[PDB]
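Here's entry-v7.txt, which has compact mmCIF, N, CA and C atoms:
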# COMPACT_ATOMS: atom_id res chain seq x y z
N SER A 25 24.75 23.76 46.70
CA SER A 25 25.73 24.30 45.76
C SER A 25 26.45 23.22 44.92
N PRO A 26 27.13 22.23 45.54
CA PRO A 26 27.78 21.21 44.71
C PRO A 26 26.76 20.34 43.99
N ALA A 27 25.60 20.14 44.61
CA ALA A 27 24.54 19.40 43.94
C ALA A 27 24.09 20.19 42.73
N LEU A 28 24.06 21.52 42.87
CA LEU A 28 23.69 22.37 41.75
C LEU A 28 24.79 22.37 40.70
N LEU A 29 26.05 22.11 41.09
CA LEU A 29 27.10 21.98 40.09
C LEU A 29 26.80 20.76 39.23
N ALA A 30 26.36 19.70 39.89
CA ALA A 30 25.98 18.50 39.16
C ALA A 30 24.75 18.78 38.30
N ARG A 31 23.84 19.63 38.79
CA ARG A 31 22.64 19.98 38.03
C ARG A 31 23.02 20.69 36.75
N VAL A 32 23.95 21.65 36.83
CA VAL A 32 24.35 22.35 35.62
C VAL A 32 25.08 21.39 34.69
N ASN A 33 25.77 20.38 35.23
CA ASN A 33 26.40 19.40 34.34
C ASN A 33 25.33 18.61 33.59
N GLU A 34 24.23 18.30 34.28
CA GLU A 34 23.12 17.61 33.62
C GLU A 34 22.55 18.48 32.53
N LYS A 35 22.41 19.77 32.82
CA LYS A 35 21.88 20.70 31.84
C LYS A 35 22.85 20.86 30.67
N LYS A 36 24.16 20.73 30.92
CA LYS A 36 25.13 20.81 29.84
C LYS A 36 24.92 19.67 28.87
N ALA A 37 24.76 18.46 29.42
CA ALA A 37 24.52 17.29 28.59
C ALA A 37 23.23 17.45 27.81
N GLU A 38 22.20 17.98 28.47
CA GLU A 38 20.92 18.20 27.82
C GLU A 38 21.06 19.20 26.68
N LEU A 39 21.83 20.26 26.90
CA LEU A 39 22.00 21.27 25.85
C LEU A 39 22.76 20.69 24.67
N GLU A 40 23.73 19.82 24.93
CA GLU A 40 24.47 19.20 23.84
C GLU A 40 23.53 18.34 23.01
N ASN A 41 22.67 17.60 23.70
CA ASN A 41 21.68 16.77 23.02
C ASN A 41 20.75 17.63 22.19
N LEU A 42 20.31 18.75 22.76
CA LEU A 42 19.40 19.65 22.08
C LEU A 42 20.05 20.27 20.85
N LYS A 43 21.34 20.59 20.93
CA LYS A 43 22.03 21.16 19.78
C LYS A 43 22.08 20.15 18.66
N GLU A 44 22.34 18.89 19.01
CA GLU A 44 22.38 17.84 18.00
C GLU A 44 21.01 17.66 17.38
N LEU A 45 19.96 17.75 18.20
CA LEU A 45 18.60 17.62 17.69
C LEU A 45 18.26 18.75 16.74
N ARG A 46 18.71 19.95 17.06
CA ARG A 46 18.46 21.11 16.22
C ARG A 46 19.15 20.94 14.87
N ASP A 47 20.40 20.48 14.91
CA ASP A 47 21.16 20.25 13.68
C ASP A 47 20.47 19.21 12.82
N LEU A 48 19.98 18.16 13.48
CA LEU A 48 19.29 17.09 12.78
C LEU A 48 17.99 17.58 12.16
N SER A 49 17.25 18.42 12.87
CA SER A 49 16.00 18.94 12.33
C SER A 49 16.26 19.79 11.10
N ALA A 50 17.33 20.57 11.14
CA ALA A 50 17.68 21.39 9.99
C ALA A 50 18.03 20.50 8.81
N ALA A 51 18.80 19.45 9.07
CA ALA A 51 19.16 18.51 8.02
C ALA A 51 17.93 17.82 7.45
N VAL A 52 16.95 17.54 8.31
CA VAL A 52 15.72 16.90 7.89
C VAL A 52 15.01 17.77 6.88
N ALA A 53 14.79 19.03 7.25
CA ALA A 53 14.10 19.96 6.35
C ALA A 53 14.86 20.13 5.04
N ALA A 54 16.19 20.08 5.09
CA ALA A 54 16.98 20.17 3.87
C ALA A 54 16.69 18.98 2.97
N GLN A 55 16.58 17.81 3.59
CA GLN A 55 16.27 16.61 2.83
C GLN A 55 14.87 16.70 2.25
N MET A 56 13.95 17.37 2.94
CA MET A 56 12.61 17.50 2.41
C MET A 56 12.62 18.37 1.16
N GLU A 57 13.46 19.40 1.17
CA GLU A 57 13.56 20.27 0.00
C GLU A 57 14.10 19.48 -1.19
N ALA A 58 15.15 18.70 -0.94
CA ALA A 58 15.74 17.88 -2.00
C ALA A 58 14.72 16.88 -2.52
N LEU A 59 13.95 16.29 -1.60
CA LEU A 59 12.91 15.34 -1.96
C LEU A 59 11.90 15.97 -2.88
N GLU A 60 11.52 17.20 -2.58
CA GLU A 60 10.55 17.90 -3.41
C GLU A 60 11.08 18.09 -4.82
N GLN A 61 12.39 18.37 -4.93
CA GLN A 61 12.99 18.53 -6.26
C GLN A 61 12.90 17.24 -7.06
N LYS A 62 13.25 16.13 -6.41
CA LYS A 62 13.23 14.85 -7.11
C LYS A 62 11.81 14.46 -7.50
N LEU A 63 10.85 14.73 -6.62
CA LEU A 63 9.47 14.41 -6.93
C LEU A 63 8.98 15.22 -8.11
N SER A 64 9.46 16.46 -8.22
CA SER A 64 9.09 17.28 -9.36
C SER A 64 9.63 16.67 -10.63
N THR A 65 10.85 16.14 -10.56
CA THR A 65 11.44 15.50 -11.72
C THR A 65 10.64 14.28 -12.13
N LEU A 66 10.15 13.55 -11.13
CA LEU A 66 9.36 12.36 -11.40
C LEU A 66 8.10 12.74 -12.14
N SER A 67 7.43 13.78 -11.65
CA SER A 67 6.21 14.24 -12.28
C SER A 67 6.47 14.69 -13.70
N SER A 68 7.65 15.25 -13.96
CA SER A 68 7.99 15.67 -15.32
C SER A 68 8.05 14.46 -16.24
N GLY A 69 8.67 13.38 -15.75
CA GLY A 69 8.75 12.18 -16.55
C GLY A 69 7.37 11.61 -16.82
N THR A 70 6.50 11.68 -15.81
CA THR A 70 5.14 11.18 -15.99
C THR A 70 4.40 12.01 -17.02
N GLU A 71 4.62 13.32 -17.02
CA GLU A 71 3.99 14.18 -18.01
C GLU A 71 4.44 13.82 -19.41
N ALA A 72 5.70 13.43 -19.54
CA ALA A 72 6.23 13.01 -20.83
C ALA A 72 5.47 11.79 -21.33
N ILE A 73 5.27 10.81 -20.45
CA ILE A 73 4.53 9.63 -20.89
C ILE A 73 3.06 9.96 -21.12
N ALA A 74 2.54 11.01 -20.47
CA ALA A 74 1.18 11.43 -20.75
C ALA A 74 1.10 11.94 -22.18
N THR A 75 2.18 12.58 -22.62
CA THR A 75 2.27 13.07 -23.99
C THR A 75 2.21 11.88 -24.95
N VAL A 76 2.86 10.79 -24.55
CA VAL A 76 2.85 9.57 -25.36
C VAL A 76 1.43 9.03 -25.51
N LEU A 77 0.67 9.03 -24.41
CA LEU A 77 -0.72 8.57 -24.52
C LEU A 77 -1.51 9.49 -25.42
N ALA A 78 -1.20 10.79 -25.39
CA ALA A 78 -1.92 11.72 -26.25
C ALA A 78 -1.68 11.37 -27.71
N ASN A 79 -0.45 10.93 -28.03
CA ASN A 79 -0.12 10.54 -29.39
C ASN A 79 -0.98 9.37 -29.83
N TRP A 80 -0.93 8.28 -29.07
CA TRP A 80 -1.71 7.12 -29.47
C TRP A 80 -3.20 7.32 -29.36
N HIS A 81 -3.66 8.19 -28.47
CA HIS A 81 -5.09 8.40 -28.37
C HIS A 81 -5.59 9.11 -29.62
N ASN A 82 -4.84 10.12 -30.07
CA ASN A 82 -5.22 10.81 -31.29
C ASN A 82 -5.12 9.88 -32.47
N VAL A 83 -4.17 8.94 -32.43
CA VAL A 83 -4.02 7.98 -33.51
C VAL A 83 -5.28 7.15 -33.62
N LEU A 84 -5.68 6.56 -32.50
CA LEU A 84 -6.84 5.70 -32.44
C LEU A 84 -8.10 6.40 -32.89
N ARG A 85 -8.32 7.61 -32.39
CA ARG A 85 -9.53 8.33 -32.78
C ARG A 85 -9.48 8.71 -34.25
N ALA A 86 -8.30 9.08 -34.75
CA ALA A 86 -8.17 9.46 -36.15
C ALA A 86 -8.46 8.29 -37.06
N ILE A 87 -8.04 7.10 -36.65
CA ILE A 87 -8.27 5.93 -37.47
C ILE A 87 -9.73 5.54 -37.42
N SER A 88 -10.30 5.55 -36.22
CA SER A 88 -11.69 5.17 -36.04
C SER A 88 -12.61 6.06 -36.85
N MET A 89 -12.26 7.34 -36.98
CA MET A 89 -13.08 8.23 -37.79
C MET A 89 -12.99 7.83 -39.26
N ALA A 90 -11.81 7.38 -39.69
CA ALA A 90 -11.64 6.92 -41.05
C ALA A 90 -12.23 5.54 -41.22
N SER A 91 -12.11 4.72 -40.18
CA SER A 91 -12.62 3.37 -40.21
C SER A 91 -14.14 3.34 -40.18
N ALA A 92 -14.75 4.28 -39.47
CA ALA A 92 -16.20 4.37 -39.34
C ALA A 92 -16.88 5.09 -40.49
N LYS A 93 -16.20 5.29 -41.62
CA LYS A 93 -16.80 5.97 -42.76
C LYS A 93 -17.93 5.11 -43.32
N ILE A 94 -19.17 5.59 -43.16
CA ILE A 94 -20.37 4.89 -43.62
C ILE A 94 -21.33 5.94 -44.16
N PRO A 95 -21.14 6.45 -45.38
CA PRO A 95 -22.09 7.45 -45.86
C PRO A 95 -23.45 6.86 -46.19
N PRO A 109 -12.26 15.67 -48.21
CA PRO A 109 -12.31 17.12 -48.01
C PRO A 109 -10.99 17.81 -48.37
N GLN A 110 -10.75 18.99 -47.80
CA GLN A 110 -9.53 19.74 -48.03
C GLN A 110 -8.36 19.03 -47.35
N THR A 111 -7.19 19.67 -47.42
CA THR A 111 -5.95 19.18 -46.83
C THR A 111 -5.48 20.07 -45.69
N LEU A 112 -6.34 20.95 -45.17
CA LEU A 112 -5.96 21.85 -44.10
C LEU A 112 -5.72 21.07 -42.81
N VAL A 113 -4.49 21.16 -42.29
CA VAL A 113 -4.06 20.47 -41.08
C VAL A 113 -3.21 21.43 -40.27
N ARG A 114 -2.59 20.91 -39.21
CA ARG A 114 -1.72 21.68 -38.34
C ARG A 114 -0.39 20.95 -38.25
N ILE A 115 0.67 21.64 -38.66
CA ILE A 115 2.02 21.10 -38.69
C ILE A 115 2.90 21.97 -37.79
N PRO A 116 2.99 21.70 -36.48
CA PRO A 116 3.86 22.53 -35.63
C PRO A 116 5.34 22.44 -35.99
N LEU B 3 -23.48 -43.30 -63.84
CA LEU B 3 -22.18 -43.85 -64.19
C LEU B 3 -21.47 -42.85 -65.11
N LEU B 4 -21.79 -42.87 -66.40
CA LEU B 4 -21.21 -41.93 -67.35
C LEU B 4 -21.63 -40.52 -67.00
N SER B 5 -22.94 -40.29 -66.99
CA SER B 5 -23.48 -38.99 -66.62
C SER B 5 -23.16 -38.66 -65.18
N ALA B 6 -22.99 -39.68 -64.32
CA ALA B 6 -22.63 -39.42 -62.94
C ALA B 6 -21.25 -38.80 -62.86
N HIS B 7 -20.30 -39.33 -63.63
CA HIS B 7 -18.95 -38.78 -63.64
C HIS B 7 -18.96 -37.37 -64.22
N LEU B 8 -19.67 -37.19 -65.33
CA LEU B 8 -19.76 -35.89 -65.98
C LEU B 8 -20.38 -34.86 -65.04
N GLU B 9 -21.48 -35.24 -64.40
CA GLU B 9 -22.18 -34.36 -63.48
C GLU B 9 -21.33 -34.07 -62.25
N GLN B 10 -20.58 -35.06 -61.77
CA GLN B 10 -19.73 -34.88 -60.60
C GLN B 10 -18.66 -33.83 -60.87
N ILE B 11 -17.99 -33.97 -62.01
CA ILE B 11 -16.94 -33.03 -62.37
C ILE B 11 -17.54 -31.65 -62.61
N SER B 12 -18.73 -31.59 -63.21
CA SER B 12 -19.37 -30.31 -63.44
C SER B 12 -19.75 -29.64 -62.13
N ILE B 13 -20.20 -30.44 -61.15
CA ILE B 13 -20.57 -29.92 -59.84
C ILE B 13 -19.36 -29.31 -59.17
N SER B 14 -18.24 -30.03 -59.20
CA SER B 14 -17.03 -29.50 -58.59
C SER B 14 -16.54 -28.26 -59.32
N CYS B 15 -16.68 -28.24 -60.65
CA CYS B 15 -16.27 -27.09 -61.43
C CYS B 15 -17.08 -25.87 -61.06
N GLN B 16 -18.39 -26.05 -60.92
CA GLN B 16 -19.27 -24.96 -60.55
C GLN B 16 -18.98 -24.48 -59.14
N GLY B 17 -18.84 -25.42 -58.21
CA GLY B 17 -18.56 -25.05 -56.84
C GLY B 17 -17.21 -24.38 -56.65
N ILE B 18 -16.25 -24.68 -57.52
CA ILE B 18 -14.92 -24.10 -57.42
C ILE B 18 -14.85 -22.74 -58.08
N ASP B 19 -15.28 -22.61 -59.34
CA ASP B 19 -15.20 -21.31 -59.99
C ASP B 19 -16.16 -20.32 -59.35
N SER B 20 -17.27 -20.81 -58.80
CA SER B 20 -18.22 -19.94 -58.15
C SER B 20 -17.76 -19.46 -56.78
N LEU B 21 -16.62 -19.95 -56.27
CA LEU B 21 -16.12 -19.54 -54.97
C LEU B 21 -15.83 -18.05 -54.98
N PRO B 22 -16.51 -17.22 -54.17
CA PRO B 22 -16.16 -15.80 -54.19
C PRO B 22 -14.83 -15.61 -53.49
N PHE B 23 -13.77 -15.81 -54.27
CA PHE B 23 -12.43 -15.65 -53.77
C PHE B 23 -12.27 -14.18 -53.41
N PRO B 24 -11.47 -13.83 -52.39
CA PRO B 24 -11.31 -12.40 -52.02
C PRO B 24 -10.82 -11.55 -53.18
N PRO B 25 -11.66 -10.68 -53.74
CA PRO B 25 -11.22 -9.86 -54.86
C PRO B 25 -10.49 -8.64 -54.34
N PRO B 26 -10.15 -7.67 -55.19
CA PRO B 26 -9.50 -6.47 -54.68
C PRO B 26 -10.39 -5.51 -53.90
N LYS B 27 -10.99 -6.01 -52.81
CA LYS B 27 -11.83 -5.24 -51.90
C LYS B 27 -10.86 -4.94 -50.77
N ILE B 28 -9.80 -4.24 -51.15
CA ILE B 28 -8.64 -4.00 -50.34
C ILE B 28 -8.35 -2.52 -50.26
N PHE B 29 -7.92 -2.08 -49.09
CA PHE B 29 -7.52 -0.71 -48.85
C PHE B 29 -6.00 -0.64 -48.86
N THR B 30 -5.39 -1.49 -48.04
CA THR B 30 -3.96 -1.66 -47.79
C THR B 30 -3.02 -1.43 -48.96
N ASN B 31 -3.29 -2.15 -50.05
CA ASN B 31 -2.47 -2.08 -51.25
C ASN B 31 -2.38 -0.66 -51.76
N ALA B 32 -3.50 -0.08 -52.16
CA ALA B 32 -3.50 1.29 -52.65
C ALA B 32 -3.10 2.26 -51.55
N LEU B 33 -3.48 1.94 -50.30
CA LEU B 33 -3.17 2.77 -49.14
C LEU B 33 -1.68 3.00 -48.99
N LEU B 34 -0.87 2.00 -49.36
CA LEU B 34 0.58 2.12 -49.25
C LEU B 34 1.30 1.75 -50.54
N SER B 35 0.63 1.94 -51.68
CA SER B 35 1.19 1.76 -53.01
C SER B 35 0.97 3.03 -53.82
N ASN B 36 -0.11 3.77 -53.53
CA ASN B 36 -0.47 5.01 -54.20
C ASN B 36 -0.33 6.18 -53.24
N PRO B 37 0.89 6.60 -52.91
CA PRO B 37 1.02 7.74 -52.01
C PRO B 37 0.57 9.01 -52.71
N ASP B 38 -0.64 9.45 -52.37
CA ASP B 38 -1.28 10.62 -52.95
C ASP B 38 -1.76 11.54 -51.84
N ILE B 39 -2.57 12.53 -52.19
CA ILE B 39 -3.09 13.45 -51.19
C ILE B 39 -4.04 12.69 -50.28
N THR B 40 -4.00 13.05 -49.01
CA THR B 40 -4.82 12.41 -48.01
C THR B 40 -6.31 12.62 -48.26
N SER B 41 -7.06 11.59 -47.90
CA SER B 41 -8.51 11.49 -47.98
C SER B 41 -8.85 10.24 -47.18
N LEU B 42 -10.12 9.84 -47.15
CA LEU B 42 -10.47 8.64 -46.39
C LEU B 42 -9.82 7.41 -47.00
N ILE B 43 -10.38 6.92 -48.11
CA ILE B 43 -9.89 5.80 -48.90
C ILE B 43 -10.52 6.02 -50.26
N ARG B 44 -9.72 5.84 -51.31
CA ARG B 44 -10.20 6.05 -52.67
C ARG B 44 -9.73 4.86 -53.50
N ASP B 45 -10.53 3.80 -53.47
CA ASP B 45 -10.24 2.62 -54.25
C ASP B 45 -10.41 3.01 -55.71
N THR B 46 -9.36 2.81 -56.51
CA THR B 46 -9.43 3.20 -57.92
C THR B 46 -10.35 2.22 -58.63
N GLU B 47 -11.65 2.47 -58.50
CA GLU B 47 -12.71 1.65 -59.08
C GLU B 47 -13.13 2.21 -60.43
N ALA B 48 -12.15 2.44 -61.30
CA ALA B 48 -12.39 2.97 -62.63
C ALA B 48 -12.85 1.88 -63.58

Would you give me this structure, written as structure tokens?
Amino acid sequence: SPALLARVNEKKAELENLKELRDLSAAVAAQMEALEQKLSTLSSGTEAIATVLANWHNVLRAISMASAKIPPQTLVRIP
Amino acid sequence: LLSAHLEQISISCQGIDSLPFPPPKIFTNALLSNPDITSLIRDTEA
């Protein structure tokens, strides 16, 4: 009986530890959600610079087509 | 001597005036001096 009183005290300490672990795991997952948001923002910035490469790539090809002229209308696209 | 000097100067004259100096075989100038409707390049070779 008194030994079992000490046993339940051990279990009390264990439960306190477990509660802290549970709280920490919840906080961990919360941080993962926040992390995912920031990573999405990063990818957005990368997409922006991909747009920049699209600009210069079209520039280069447009010039090369004019530069490679070795033997029209004005219809273009103006968003 | 006499003809050597004459011939020397004539040689240099021929070699100098015959130098194919870069003529207006240029795009740049008209490209950004004649803002007109877009096309490839239209050197005003009139």

Go through chain B and flag each residue having an atom no more than 12 Å from range 82-110 of chain A; for those, report the closest pair of atoms plus their distance in Å to one decimal, using only C-alpha atoms, ordered by chain and rising number, as JSON lines.
{"residue": "B:29", "atom": "CA", "partner": "A:91", "partner_atom": "CA", "distance": 10.8}
{"residue": "B:39", "atom": "CA", "partner": "A:110", "partner_atom": "CA", "distance": 9.5}
{"residue": "B:40", "atom": "CA", "partner": "A:110", "partner_atom": "CA", "distance": 8.7}
{"residue": "B:41", "atom": "CA", "partner": "A:109", "partner_atom": "CA", "distance": 6.8}
{"residue": "B:42", "atom": "CA", "partner": "A:90", "partner_atom": "CA", "distance": 5.7}
{"residue": "B:43", "atom": "CA", "partner": "A:90", "partner_atom": "CA", "distance": 8.1}
{"residue": "B:44", "atom": "CA", "partner": "A:90", "partner_atom": "CA", "distance": 11.7}

Distance of CA of residue 46 in chain B from CA of residue 23 in chain B, expressed in Å to one decimal place: 19.5 Å

Between CA of residue 35 in chain B and CA of residue 47 in chain B, distance in Å (one decimal): 15.2 Å

Please give the centre and size of the box around range 78-91 of chain A (axis-aligned, containing every atom listed in the file, 3 Å added per side), with values in Å to one decimal and written as AutoDock Vina command-line options.
--center_x -7.1 --center_y 7.5 --center_z -33.3 --size_x 20.0 --size_y 14.4 --size_z 21.8

DSSP alpha helix (DSSP H) residues within chain A, as a PyMOL selection string: chain A and resi 26-91

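Put simply, CA of residue 32 in chain B is 7.5 Å away from atom N of residue 45 in chain B.
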
Residue nearest chain B - candidates A:111, A:26, A:53, A:33, atoms counted: only N, CA and C atoms: A:111
